[PDB]
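Q: Enclosed are the sequence and the experimentally obtained structure.
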Amino acid sequence: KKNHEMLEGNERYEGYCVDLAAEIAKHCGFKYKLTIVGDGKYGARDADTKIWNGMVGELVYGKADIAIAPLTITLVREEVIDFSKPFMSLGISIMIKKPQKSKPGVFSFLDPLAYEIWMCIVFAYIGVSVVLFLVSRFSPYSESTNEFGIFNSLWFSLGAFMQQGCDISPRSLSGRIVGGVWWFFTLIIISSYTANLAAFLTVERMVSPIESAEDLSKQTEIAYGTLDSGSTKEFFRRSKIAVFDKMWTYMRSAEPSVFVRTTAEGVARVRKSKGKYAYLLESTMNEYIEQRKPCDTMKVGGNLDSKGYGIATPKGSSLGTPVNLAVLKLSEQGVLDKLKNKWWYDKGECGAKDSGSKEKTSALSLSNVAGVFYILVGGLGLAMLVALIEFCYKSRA
Amino acid sequence: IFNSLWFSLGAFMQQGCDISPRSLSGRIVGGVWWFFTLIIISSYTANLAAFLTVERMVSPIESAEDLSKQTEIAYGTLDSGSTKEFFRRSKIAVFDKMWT
Amino acid sequence: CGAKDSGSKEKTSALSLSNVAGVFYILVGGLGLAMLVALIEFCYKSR
Amino acid sequence: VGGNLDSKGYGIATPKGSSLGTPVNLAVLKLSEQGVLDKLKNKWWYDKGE
Amino acid sequence: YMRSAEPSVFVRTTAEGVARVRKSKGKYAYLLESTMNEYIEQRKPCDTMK
Ligand SMILES: CC1=NN=C(c2ccc(N)cc2)c2cc3c(cc2C1)OCO3
Ligand SMILES: N[C@@H](CCC(=O)O)C(=O)O
């Protein structure tokens, strides 16, 4: 609870399981004491010792009378503890960081050519302009037999680069050599720009985000892990399905260890790791974290399986049947679904954008070329300002 | 005015017009508009060459929740079937929407 | 290790100055040739 | 398209009070633990995958 | 695949398989020994590459 440091007793806790425990206590009529598990693990039978840890250990060894907690009903646990009928159902899901905040920069139109090419294009433009002035304008031995002053030279070379032509063309031999070599340069550079832009806009489609849990087994660029001592680790261990077996083999041979002690550590790892690491988790944990800030996450692909949550009791305990009956009654009454909405859907503040799904529409957006419009309007304003200052100077003098 | 409309139309395509600004601020407008049209035309042809390659576009339903919001695609189950009964009793908000 | 199958997905990356370096050499050589030709014609017509 | 809307399976059914219920429940459990269910699922879904 | 594919992909004689591959626009492949493959590859019409 927000005031758990000051509250005492069961008032310190809140959530789906706390409300479910309250409803179960009300229906059956017993008093209950909510206790945090000392081990921290969900539960599994340790190798070569058969000692159950976590929840199953607490239940079997007489430490606890009931476990109203997100426990997945599994066959290997039914042999030592008794579960109630599934009060909620889910499946194994896949967690991965969002593709990218790949928003195009304002000046993203300069991207197809490196900064050095633009710098050297400006330098080559200045050099060609100055040379085309020098070549066409020193004495023929009147001398002004052509219109290629320095300003007209700059205009001609700028027009030649943009492939828009110009009102003049060099008439001497050496002026024509300059024109020809500049024409070849601008042809090569414009073709290269178009070709490279097409290359980017094409290979930006083969991105093909991973899904279906089969891409994880197919490649190893994106690492994935599983909660330690959880039922998902056992699910991957026991399963003989080819894709699940392959992911099991990789995660067993992968180093450093991909396991996380607690689910929160896994969430932090997958959030921080540049989208390189994936987390294998249950669907409800995926869909709740998906709906909570910073909301840097989605849920990808369908559920890997179908396993339900149940309230577990020590084997042979008198609490098993009444609690199971209460769970079934609440399922009939819809209190379980109501609490599901209350704690999953009623805590949402989404959102639901940037899915890059249907939304994604080729039709290149304005944001990709928005810099060109800024340059255009800036140039228009500058031209009006230049005309005004020229008019003022030429009228006042 | 009409000659300038023709020029700025001629400059957007790559067809050289029969006049040129010949002043300083006129040449500034001409130059910046030439750069704009160069970038836009190159983007159009590069994007088209991107699309004519590669396929696997469009999808009507992806999240199984869009059917509750969309109406152009009708959806139904087997009559007197278990799916019909499940929709008939489900209290999930989105499932209740589709059932209604 | 392993390449995935043939994917090798990545950004295209921008053309470096090495890719179009030759056209700049062509251009500057053209400017040098043009200045040489202009001066040759000027000196020929100065005699 | 999309994921599973619900989560429930397919089960062998008998009329209420039929003596056949317990043996067939034992049989389906034995098949599940023997992996025969997976073999039949492969034989009827994945072998004809062309 | 060869056990599940229909119609039968197997051939009675090697020459039948070679003719099948040549006539089948490249949609059919033949499985054969390397040395005998080297001989068919080196004789006309010589459109057969390993
Ligand atoms: C976010 C990206 N999106 N825009 C273009 C781009 C460039 C020009 C125009 N008109 C439209 C779009 C791009 C092209 C690239 C590139 C990076 C980018 C940035 O690296 C290799 O070529
Ligand atoms: N709640 C699971 C932990 C792993 C999982 O999310 O499946 C368990 O009871 O072991």
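A: Thanks, I have the structure now. Numbers count the residues shown, from 1 in each chain, chains lettered A, B, ... in the order given. Ligands and ions are numbered 1, 2, ... in the order given.
Q: Contacts only, for residue A:181.
A: By C-beta atoms under 8 Å, 6 or more residues apart in numbering or on different chains, residue A:181 lies in contact with C:26-27, C:29-31, C:34. For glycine as for every other residue, the C-beta is placed from the backbone atoms N, C-alpha and C.
Q: what about 6 Å?
A: Contacts here follow C-beta atoms under 6 Å, 6 or more residues apart in numbering or on different chains; on that basis residue A:181 touches C:27, C:30.
Q: One more: residue A:175?
A: So residue A:175 contacts A:135-136 (C-beta under 6 Å, 6+ apart).
Q: That one sits in which helix or strand?
A: Using DSSP states H and E, residue A:175 maps to helix A:173-203.
Q: For the helix or strand following that helix, buried residues please.
A: Once the chain leaves helix A:173-203, the next helix or strand it forms, by DSSP H and E, is helix A:214-218. Buried residues in helix A:214-218, counted by 16 or more other C-beta atoms under 10 Å in any protein chain shown: A:215-217.
Q: Then stretch A:275-282?
A: For stretch A:275-282, burial by neighbour count (16+ other C-beta under 10 Å) applies to A:277-282.
Q: swap in stretch A:40-47?
A: Neighbour-count burial for stretch A:40-47 [16+ other C-beta under 10 Å]: A:41-45.
Q: How about stretch A:146-159?
A: For stretch A:146-159, a neighbour-count test (16+ other C-beta under 10 Å) marks A:148, A:152-159 as buried.
Q: and it, anywhere near chain C?
A: No: Stretch A:146-159 does not reach chain C (C-beta under 6 Å from any C-beta of the partner chain); its nearest approach is 11.3 Å.
Q: That stretch: how far from the chain's middle?
A: Offset of stretch A:146-159 from its chain centre (C-alpha atoms, centre = their mean, to the nearest Å): 51 Å.
Q: Please apply the same query to stretch A:81-92.
A: Distance, centroid of stretch A:81-92 to centroid of chain: 31 Å (C-alpha atoms, centre = their mean).
Q: And it, end to end?
A: 22 Å (C-alpha to C-alpha, to the nearest Å).
Q: and what of stretch A:302-322?
A: End-to-end for stretch A:302-322, by C-alpha to C-alpha: 35 Å.
Q: Not counting its neighbours along the chain, what's nearest residue A:246?
A: Among residues not flanking residue A:246 along the chain, residue A:217 sits closest, at 4.0 Å (C-beta to C-beta, 6 or more residues apart in numbering or on different chains).
Q: my guess is that neighbour meets residue A:243, correct?
A: Yes: judged on C-beta atoms under 6 Å, residue A:217 makes contact with residue A:243 at a distance of 4.8 Å.
Q: Common neighbours of these two, please.
A: Residues touching both residue A:217 and residue A:243 by C-beta under 6 Å, 6+ apart: none at all.
Q: So the residue nearest to residue A:190 when sequence neighbours are not counted: helix, strand or coil?
A: The shortest distance from residue A:190 to any non-neighbouring residue, by C-beta to C-beta, 6+ apart, is to residue A:163 (6.3 Å). The three-state label given to residue A:163 by DSSP: H, G, I helix; E, B strand; the rest coil is coil.
Q: What's the end-to-end length of stretch A:279-299?
A: Note: stretch A:279-299 ends 11 Å apart using C-alpha to C-alpha.
Q: what residues does that stretch touch?
A: Outside stretch A:279-299, the residues that reach it (C-beta under 6 Å, 6+ apart) are A:90-91, A:93, A:95, A:98, A:224, A:226, A:232, A:266-267, A:270-271, A:303, A:344, A:348, A:350-351.
Q: One more pass at 7 Å, please.
A: A:90-95, A:97-98, A:224-227, A:232, A:263, A:266-267, A:270-271, A:303, A:344, A:347-348, A:350-351 (C-beta atoms under 7 Å, 6 or more residues apart in numbering or on different chains).
Q: quick one: that stretch to chain centroid distance?
A: A distance of 12 Å separates the centroid of the chain from that of stretch A:279-299, by C-alpha atoms, centre = their mean.
Q: Does ligand 2 have contacts with it?
A: Yes: using C-beta under 6 Å from any ligand atom, stretch A:279-299 reaches ligand 2 at A:281-282.
Q: in that stretch, what's buried?
A: Neighbour counts over stretch A:279-299 (16+ other C-beta under 10 Å) mark A:279-287, A:289-291, A:295, A:297-299 as buried.
Q: Please identify which pair of those lies farthest apart.
A: Taking every pair in those and measuring C-beta to C-beta, the maximum separation is 20.3 Å, between A:280 and A:295.
Q: Name the residue of chain A that lies nearest to ligand 2.
A: residue A:230 (2.6 Å; C-beta to the nearest ligand atom).
Q: Ramachandran angles for that residue?
A: phi -90, psi 170 (degrees, to the nearest 10).
Q: ok, now which ones touch it?
A: Applying C-beta under 7 Å, 6+ apart to residue A:230 gives the contacts residue A:42.
Q: What's the separation between it and chain E?
A: Here the distance between residue A:230 and chain E works out to 38 Å (C-beta to the nearest C-beta, to the nearest Å).
Q: Likewise for residue A:21?
A: With distances taken as C-beta to the nearest C-beta, residue A:21 is found 54 Å from chain E.
Q: my read: that residue touches residue A:31, true?
A: No: shown here, residue A:21 and residue A:31 do not form a contact pair, counting by C-beta atoms under 7 Å, at 11.2 Å.
Q: Those two: which is more packed in?
A: Shown here are residue A:21 and residue A:31; by other C-beta atoms under 10 Å in any protein chain shown, residue A:21 has more neighbours (21 against 5).
Q: Can you tell me the closest non-neighbouring residue to that one?
A: Nearest to residue A:21 is residue A:68, by C-beta to C-beta, 6+ apart, at 4.2 Å.
Q: ok, now which ones touch that neighbour?
A: Counting by C-beta under 7 Å, 6+ apart, residue A:68 makes contact with A:17, A:20-21, A:24, A:311.
Q: who does residue A:313 bridge with?
A: As for beta bridges, residue A:313 partners with residue A:82 under DSSP bridges.
Q: Bridged to the closest residue to residue A:254 other than its chain neighbours, which residues?
A: Ranked by C-beta to C-beta, 6+ apart and with sequence neighbours excluded, the top spatial neighbour of residue A:254 is residue A:223, at 6.8 Å. In this structure, residue A:223 bridges to residue A:277 when assessed by DSSP bridges.
Q: Now do the buried residues in the host helix or strand of residue A:395.
A: Per DSSP H and E: residue A:395 is located in helix A:370-396. For helix A:370-396, the neighbour count (16+ other C-beta under 10 Å) marks A:370-372, A:375-376, A:379, A:383, A:386-387 as buried.
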